[PDB]
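Asker: One structure follows; several queries about it will come next.
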Amino acid sequence: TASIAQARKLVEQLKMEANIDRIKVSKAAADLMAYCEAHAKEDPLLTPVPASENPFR
Amino acid sequence: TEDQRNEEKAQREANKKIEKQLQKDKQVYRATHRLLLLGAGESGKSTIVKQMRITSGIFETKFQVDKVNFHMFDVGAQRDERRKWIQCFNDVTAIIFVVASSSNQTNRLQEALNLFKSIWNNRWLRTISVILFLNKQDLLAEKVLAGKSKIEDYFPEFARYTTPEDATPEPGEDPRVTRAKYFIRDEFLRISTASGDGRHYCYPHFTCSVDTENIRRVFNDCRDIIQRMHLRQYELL
Amino acid sequence: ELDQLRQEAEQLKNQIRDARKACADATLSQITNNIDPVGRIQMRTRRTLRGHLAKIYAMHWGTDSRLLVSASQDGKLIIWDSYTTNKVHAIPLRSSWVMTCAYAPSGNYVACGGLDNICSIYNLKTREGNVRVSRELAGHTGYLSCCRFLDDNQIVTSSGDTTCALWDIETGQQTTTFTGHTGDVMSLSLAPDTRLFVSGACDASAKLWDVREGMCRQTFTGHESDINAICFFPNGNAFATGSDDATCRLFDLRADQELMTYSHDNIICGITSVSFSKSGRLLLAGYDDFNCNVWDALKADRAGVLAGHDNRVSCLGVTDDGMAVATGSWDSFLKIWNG
Amino acid sequence: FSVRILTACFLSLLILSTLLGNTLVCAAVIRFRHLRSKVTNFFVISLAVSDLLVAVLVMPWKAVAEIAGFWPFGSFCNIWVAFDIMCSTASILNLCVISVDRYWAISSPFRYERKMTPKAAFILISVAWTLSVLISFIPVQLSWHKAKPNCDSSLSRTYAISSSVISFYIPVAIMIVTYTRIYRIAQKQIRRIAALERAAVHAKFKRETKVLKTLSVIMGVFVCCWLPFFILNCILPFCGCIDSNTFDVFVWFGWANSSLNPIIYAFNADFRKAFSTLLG
Amino acid sequence: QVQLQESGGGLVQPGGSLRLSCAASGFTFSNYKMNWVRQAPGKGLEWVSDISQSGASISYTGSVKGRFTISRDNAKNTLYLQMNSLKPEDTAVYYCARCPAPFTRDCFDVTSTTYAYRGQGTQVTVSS
Ligand SMILES: CC(C)CCC[C@@H](C)[C@H]1CC[C@H]2[C@@H]3CC=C4C[C@@H](O)CC[C@]4(C)[C@H]3CC[C@]12C
Ligand SMILES: CC(C)CCC[C@@H](C)[C@H]1CC[C@H]2[C@@H]3CC=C4C[C@@H](O)CC[C@]4(C)[C@H]3CC[C@]12C
Ligand SMILES: CC(C)CCC[C@@H](C)[C@H]1CC[C@H]2[C@@H]3CC=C4C[C@@H](O)CC[C@]4(C)[C@H]3CC[C@]12C
Ligand SMILES: CC(C)CCC[C@@H](C)[C@H]1CC[C@H]2[C@@H]3CC=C4C[C@@H](O)CC[C@]4(C)[C@H]3CC[C@]12C
Ligand SMILES: CC(C)CCC[C@@H](C)[C@H]1CC[C@H]2[C@@H]3CC=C4C[C@@H](O)CC[C@]4(C)[C@H]3CC[C@]12C
Ligand SMILES: CC(C)CCC[C@@H](C)[C@H]1CC[C@H]2[C@@H]3CC=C4C[C@@H](O)CC[C@]4(C)[C@H]3CC[C@]12C
Ligand SMILES: Cc1cccc([C@H]2CN(C)CCc3c2cc(O)c(O)c3Cl)c1
Ligand SMILES: CCCCCCCCCCCCCCCC(=O)O
Ligand SMILES: CCCCCCCCCCCCCCCC(=O)O
Ligand SMILES: CCCCCCCCCCCCCCCC(=O)O
Ligand SMILES: CCCCCCCCCCCCCCCC(=O)O
Ligand SMILES: CCCCCCCCCCCCCCCC(=O)O
């Protein structure tokens, strides 16, 4: 009776996952874009850093 | 900046001590040879490790032959899914693959052949050389002598098959038993030879898993593997 | 019994797919067309770390960004001082095969896991000054694939028996077990708020797990092949998963679907590691064809290529402050790349 | 006039090729860590350094003298002869040590891994260079080399025979025995692999040619370049009688082997990758 | 989402011809080598046959060699298995399986107790 138990667990999990609040893709994408723009100056990888501020030179 | 200089000096001293320990460990690691033992559940891998020594995920056997250190790792408490962790064993010197030949009824030999094919054809296991041990020769001899044979039904090619002349038969062994043993050996050789273009090689041995010289065979095979690697290094082979 | 449950599961899956399709009004690529592209990123190897015998499978960064932990398959766990290329600690390992290493956010403890199924936690603040095994975690039937530290008290681990477990280090017993996978969980990445974590498994699905509750809130099924690595966007609302099908996919938790696919036609090799910068604008992907690709997360183009590794890049790690990137590969070298 | 210009072009091409190949090998080993890490490569690095010494200090002065027709720096001639003997002997001894290293690795691999530390490699390289310096600087400065009664040296019979045996004949004997044993071991491995392949084909000589070709190229180039010179070197003191121009050609062939050593030893896959990276 | 669906099966007489159709969704069909695995009742999973990415290289189990034909249609995104001259031993559940990585020859976990890239399967029963 392992297969029936596994199937029941899958059905219960799908029911729990289906009944969630969802946000539209455009709003979520806008939030991620806003976060990237806000933290663009802080990132040492995105913006090149002088050697004096750089601890690896 | 006296404190900073003192901290840097302490770090350099610690690094120097760690480097000395690493050099000693490096000598031990390079001298030592890692072998991966992979075998079926019906196959007597545990019998081979028991002879080799004379809930844990992996079992390590430490043995030395001719002042050569060998660490052999046997898969224990692991899932049947093996693709992610087989990649970890590419760095070893050799993979000792043990196959049980039978002649609930399932085609275990075909599964073993597919597993050997997968190991041989794996991207990172292209470097690794497989030492092949054909377990349970006595069972094959008894089954063939009894007159009921599964391998003939499973394999159509076996029926229209001849024993190779390069093969050496034991005097006590039946010719039919030798033909079945060499046929299985040839199936593994056809997969290894066809799949692989000379980067790594397959060593086949006939064992009953109660055999004292098995360790010696492994040592000889390991020596041969390193020799072939050296031949590969200087572009001979 | 089986037929009705399978049909109901298919109907629920179809409903989830329909909801995801309805949510997808416009893609991420369409919105990000009017965005200034990053351009070529010429990172160079500021520091190279030497002293690993076998291949380096995983590495973890400290929160201070000074110290890093590298796991190797030789039986040695090494803590490295990134600025001065000095080895702060060398730890012998009881099992030679170690696939994961983690560094505590306080910095007190270091835990590594391997094929022995046992996670070993080492105390670095011992009064004698020598490394010792603070505790050993048995009880995994599968191989331990990844581990991360919530804090000194609680650790989250990834195992090869399709389970993720939360362990209380003081007791030595699992606080909770996450058992919703059908594939081997290659890695899990904690969020910065530490309330939720996402795990990637061999069933081509990434799961969002609640640490306190113990059940998976969301299931992400957008990959063709095995998910080797999972990483979090710095806000904690989205995550990116590498996979063997040569596609990195970005999944948003609120969208509950894959926002973007990072793929190239020449790149067929699998993706071992994915990491994010401090901003999240650049996604760093490790590969099997010996180079790491810097991907613009908005524009979906290869910002840069890091080619300094003789063997395949097992792990990619980015500091919390974002200053430098440490890359571990199977040629036993740790290369640090800075923008 | 045209013949002199043509000879000058050939000598200049040989010196430039020798410098470029040896410098490329040294740049590859120094700038790439994987090549430097292996203990076997240390001998190759020593051979490259010896070849560099031949290119820097030995070939240009002889080429300038031949093109000019005379040797201008008369005091420098004795020192140049000492450098020529040290460099050529160091290169030949390095080749012999490389052959011994290959035999030790192929024949007894586990023993090779345990025995041949970096320190052992350093001891072998030091012994080779020490022997070259002992048989070259000490006899030349004490005037042992020249026969008892313009840079022309007529070697005494004792020095010519002893220098040829230490320089050439003992390394050639070691290399012939070593390569013959390596060929036998390789042939046995080919027989085992071929037997398994034949069994697989039945169930359904390129490798030997490759092994023979590689060993033949190494032995043929080394013997062809240095054997006529050494045979001539031993013969010349007793007669005094072979022409000087032919001897000079033989000497140049010996130096040409030093030029050809990178192609023989540094077309390994790691070396090829390093060369492609540096040239690109 | 990677899902494989099996069409065809039921009850077949011995010697009858049965066609098994596998429908692939959620991945690129051409990149993956695909195989058929059969589980007999009260017996373990056994690999039956595989067809490569291009389809030129095909390997079979010996017991089904010369008896089963495997073909893959890249354009219709479908895997076809042809069965003729069936035997009473041949009855098993048939599962459609995909190799885990693209552009690779190895298939490590295709025959394994719980593998997530195989379909649910259809019962095939042969009745004399
Ligand atoms: C006496 C003068 C003229 C020539 C000296 C040649 C020898 C002794 C020198 C020249 C090149 C040197 C080698 C250069 C590179 C390496 C690699 C390093 O990882 C170990 C030391 C080692 C192997 C050096 C050892 C000494 C060496 C072999
Ligand atoms: C490793 C290589 C570069 C070392 C080269 C050293 C050379 C440049 C040095 C070392 C010994 C030196 C010679 C020593 C003695 C004399 C005799 C003197 O009356 C004229 C100069 C002369 C002939 C020198 C010329 C330059 C010389 C040959
Ligand atoms: C010894 C090996 C390892 C290195 C060789 C070093 C060379 C450059 C040194 C060592 C021996 C030295 C020679 C020793 C003796 C003399 C005689 C003197 O009237 C002229 C300089 C001269 C000819 C020296 C020139 C420089 C020299 C050749
Ligand atoms: C020890 C073995 C390996 C090598 C032996 C090399 C020496 C000893 C041999 C090889 C070549 C030989 C020379 C060949 C030719 C002549 C010309 C003859 O009119 C006088 C003897 C003489 C000069 C021989 C003397 C011995 C000799 C120099
Ligand atoms: C550099 C100059 C002076 C000498 C070069 C000699 C070379 C080109 C000659 C001498 C010995 C010859 C080899 C002798 C034997 C064989 C075995 C044969 O089955 C294939 C050809 C092969 C491998 C020859 C190839 C060419 C060869 C290697
Ligand atoms: C090249 C290797 C493989 C074989 C070497 C063969 C040697 C023994 C042969 C080949 C070239 C030959 C030389 C060719 C030309 C001359 C000029 C002549 O007036 C005297 C004999 C002499 C000096 C020959 C002596 C023997 C010789 C040196
Ligand atoms: C005629 C003459 C006079 C003085 C020196 C030589 C050199 C020639 N070098 C080109 C090769 C090196 C060498 C020489 C003499 C030897 O005895 C010897 O063993 C070697 Cl190795 C030759
Ligand atoms: C007569 C001797 C001349 C010596 C000249 C040596 C020149 C060496 C040049 C090496 C080129 C390597 C090309 C690599 C090609 C590749 O595999 O990609
Ligand atoms: C890169 C290394 C180059 C080495 C060049 C060596 C220079 C040797 C010059 C010798 C000068 C001898 C001067 C005195 C000559 C005389 O006796 O009249
Ligand atoms: C390691 C081998 C080196 C061999 C060198 C041997 C050289 C011997 C030379 C002896 C020269 C004797 C000079 C005598 C001078 C005199 O007439 O008084
Ligand atoms: C260190 C070992 C070297 C072995 C070299 C042995 C060669 C010895 C040759 C001696 C020849 C003696 C000829 C004397 C002629 C003369 O009177 O000048
Ligand atoms: C790969 C091919 C290598 C060929 C090597 C050829 C060596 C040429 C040597 C030229 C020596 C010229 C000597 C001229 C002396 C004189 O002036 O008479």
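Chains as they are written, first to last, in the numbering used here: chain A, 968 to 1024; chain B, 42 to 278; chain C, 3 to 341; chain D, 2 to 281; chain E, 17 to 144. We put the beta carbon where it would ideally sit given N, CA and C, even for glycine.
1) Would you mind listing the alpha helix (DSSP H) stretches within the region 176-243 of chain D that are 4+ residues and don't spill past its ends, in chain order?
2) Suppose contacts are defined by Cβ-Cβ distances below 7 angstroms. Is B:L166 in contact with B:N110 by that definition?
3) For the region 1005-1015 of chain A against the region 64-74 of chain C, are there 3 or more C-beta pairs whose distance is under 8 angstroms?
4) Quick check on the burial criterion: 16 or more other C-beta atoms within 10 angstroms. Buried or exposed for E:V142?
5) Secondary structure at A:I987, three-state DSSP: helix, strand or coil?
6) Under 8 angstroms between beta-carbons, which chain E residues line up against C:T223? List them in chain order, please.
7) Of all Cβ atoms in chain B, is any one closer than 7 angstroms to the Cβ of D:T215?
8) Determine, for C:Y85, whether the minimum Cβ-Cβ distance to residues of chain A falls below 7 angstroms.
9) Output, in sequence order along the chain, the residues in the region 196-227 of chain B whose CB is closer than 7 angstroms to any CB in chain E.
10) Quick one: does B:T147 have its CB under 7 angstroms from some CB of chain E?
11) By the three-class DSSP mapping on this structure, what secondary structure does B:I95 have?
12) Tell me where the beta strand (DSSP E) around D:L58 begins and ends.
13) Grab me the residues of C:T128's own chain with a C-beta within less than 8 angstroms of its C-beta, minus the 5 sequence neighbours each way, in chain order.
14) Write down the C-beta distance between C:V100 and C:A73 rounded to the nearest angstrom, noting that I regard them as a contact closer than 8 angstroms.
15) What in chain B is Cβ-close to E:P116, meaning under 7 angstroms?
16) For the 8 angstroms Cβ check, are there 3 or more pairs between the region 199-213 of chain D and the region 226-233 of chain B?
17) What do you get for D:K149, buried or exposed, if any count of 16 or more other CB atoms within 10 angstroms of its CB means buried?
18) With DSSP run on the structure shown, which of helix, strand or coil describes B:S84?
19) With H, G and I counted as helix, E and B as strand and the rest as coil, what does DSSP make of E:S128?
20) Give the DSSP bridge partners of C:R137, in chain order.
21) Would you say the beta carbon of B:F100 comes nearer than 6 angstroms to a heavy atom of ligand 8?
22) Use the C-beta contact count for E:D125: other C-beta atoms within 10 angstroms, 16 or more gives buried, fewer gives exposed.
23) Using the beta-carbon of each residue, which ones in chain D are nearer than 9 angstroms to B:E54?
24) Name the two residues that bound the continuous beta strand (DSSP E) containing C:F335.
25) If you count every other CB in all the chains shown that lies within 10 Å of the CB of C:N293, and 16 or more means buried, which is it?
26) In chain order, what residues of the same chain have a beta carbon less than 8 angstroms from the beta carbon of C:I37, not counting five sequence neighbours either side?
27) Can you tell me which residues form a DSSP beta bridge with B:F104?
28) So which residues touch the region around ligand 9, with touch meaning a C-beta under 5 angstroms from any heavy atom?
29) Answer with buried or exposed for B:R71, where buried requires no fewer than 16 other C-beta atoms within 10 angstroms of its C-beta.
30) Would a C-beta distance cut-off of 7 angstroms place D:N258 and D:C226 closer than the cut-off?
31) Grab me the residues of C:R150's own chain with a C-beta within less than 6 angstroms of its C-beta, minus the 5 sequence neighbours each way, in chain order.
32) Say the cut is 6 angstroms; is the CB of D:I80 nearer than that to a heavy atom of ligand 2?
33) Are the region 247-267 of chain C and the region 989-1002 of chain A touching by the rule of at least three beta carbon pairs closer than 8 angstroms?
34) Tell me, to the nearest whole angstrom, how far the beta carbon of E:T127 is from that of E:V80; I am working on the premise that it is less than 8 angstroms.
35) In chain A, which residues lie less than 8 angstroms from C:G116 when you measure between Cβ atoms?
36) Between the C-alpha atoms of E:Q19 and C:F235, what's the straight-line distance to the nearest angstrom?
Answerer: This is what the structure gives:
1) For the region 176-243 of chain D, whole alpha helix (DSSP H) runs of length 4 or above, ordered along the chain, are 207-240.
2) No, the pair does not count as a contact, with Cβ atoms beyond the cut-off.
3) No: fewer than three Cβ pairs fall under 8 angstroms.
4) Flag for E:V142 reads buried.
5) Correct three-state label for A:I987: coil.
6) Within chain E, the residues near C:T223 are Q17, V18, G42.
7) With 7 angstroms as the cut-off, D:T215 counts as an interface residue toward chain B.
8) For C:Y85, the answer is yes, since a Cβ of chain A falls inside 7 angstroms of its Cβ.
9) Those would be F196, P197, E198, in chain order.
10) Proximity of B:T147 to chain E, defined by a Cβ-Cβ separation below 7 angstroms, is satisfied.
11) Coil.
12) Neither: D:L58 is in no beta strand (DSSP E) and is coded neither H nor E.
13) The residues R134, in chain order, have a CB closer than 8 angstroms to that of C:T128 in the same chain once the five nearest residues on each side in sequence are set aside.
14) About 5 angstroms separates the Cβ atoms of C:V100 and C:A73, confirming a contact at the 8 angstroms cut-off.
15) Within chain B, the residues near E:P116 are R124.
16) Output reads yes: the region 226-233 of chain B touches the region 199-213 of chain D.
17) Answer is exposed; the Cβ neighbour count stays below 16.
18) It is coil, neither helix nor strand.
19) Of the three classes helix, strand and coil, the one that applies to E:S128 here is coil, per DSSP.
20) Bridge pairing for C:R137: C:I123 [DSSP].
21) For ligand 8, no non-hydrogen atom lies closer than 6 angstroms to the CB of B:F100.
22) By the neighbour-count criterion, in which a residue is buried when 16 or more other Cβ atoms sit within 10 angstroms of its Cβ, E:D125 is buried.
23) Result: empty, since nearest Cβ-Cβ is about 24 angstroms, beyond 9 angstroms.
24) Annotation for C:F335: no beta strand (DSSP E) segment contains it, and DSSP assigns it neither H nor E.
25) Answer is buried; the Cβ neighbour count reaches 16.
26) Answer for C:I37: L300, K301, listed in chain order.
27) Looking at the DSSP output, B:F104 sits in a beta bridge with B:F111.
28) Those residues, listed in chain order, are D:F74, D:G75, D:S76, D:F77.
29) With fewer than 16 Cβ atoms within 10 Å of its Cβ, B:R71 is classed as exposed.
30) Cβ atoms of D:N258 and D:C226: closer than 7 angstroms.
31) Taken in chain order, the residues that qualify are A104, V158, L192.
32) For ligand 2, at least one heavy atom lies less than 6 angstroms from the Cβ of D:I80.
33) They touch, by the three-pair rule.
34) Not confirmed; about 14 angstroms, so no contact.
35) The premise fails here: C:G116 is roughly 29 angstroms from chain A at the closest Cβ pair, so nothing lies under 8 angstroms.
36) Computed Cα separation, rounded: 29 angstroms.
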